[PDB]
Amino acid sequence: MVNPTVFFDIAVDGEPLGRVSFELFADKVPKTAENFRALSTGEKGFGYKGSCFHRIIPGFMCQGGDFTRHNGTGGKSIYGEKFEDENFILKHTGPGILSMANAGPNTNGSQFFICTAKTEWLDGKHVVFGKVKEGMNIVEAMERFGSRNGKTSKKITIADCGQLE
C-alpha cells in the first residue's frame, strides 16, 4: 500500500497563498495518520477546512487544528475527544516535520504543528506522524506573520483541504 498524501490551501486574510502537501506515515503511526487524514477530508462531518493557525513562532513552528475554539483550547479527534500517544518512533529532526500538539501524556485531539527547525526537546513527548512533501516555501511565508509570543499579524487560514492520494 501507499502512505496517504493530504493538502492544505492556505490563505492570508482571505488572499490565497498556496498549497502545502503532506505525506502521512500511516505505516508507522496508522491511528494518528488516519485521524489527520479524516480531519482533512472532513468526512466525519467536521474538520480543518476553514480553521486557522492560531500560533506561529518564527524559527520554531506553526500550530493549528483547533476547529472548535480557534484558540488552542479546542478541537477533537475522530475517535472521541482525545486519544493515546501511539508511539514515539519518529523524531523532530528538522523543518517540515508534522507532529501532534497535546496537553500531556495521552491527550491527542486535532491540534498539530509543523516544525520549521529541529526541535529535539519535544522528542518522546509529541507524536511525529508526517512531513511536508511539497510547499515548504508556503510554510516559510506563513512564518512571516508570526511572532515570538505566537500571535499572528494576519489571519492565516486553511481555505481548503483534502486528500490527493
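For every residue, the number given is its place in the sequence shown, counted from 1.
K.L.:
What stretch has the higher average Cα B-factor here, 63 to 71 or 98 to 106?
P.N.:
Comparing averages over the C-alpha atoms only gives 63 to 71.
K.L.:
Please work out which of 54 to 62 and 133 to 141 has the higher mean CA B-factor as recorded in the PDB entry.
P.N.:
Averaging CA B-factors over each stretch, the winner is 133 to 141.
K.L.:
Would you mind checking where the Cα B-factor of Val2 ranks among the modelled residues of its chain, as the lowest, middle or highest third?
P.N.:
For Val2, the deposited C-alpha B-factor lands in the highest third.
K.L.:
By the recorded C-alpha temperature factor, relative to the other modelled residues in its chain, which third is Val12 in?
P.N.:
Middle third.
K.L.:
What third of its chain, lowest, middle or highest, does the C-alpha temperature factor of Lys28 fall into?
P.N.:
For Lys28, the deposited C-alpha B-factor lands in the highest third.
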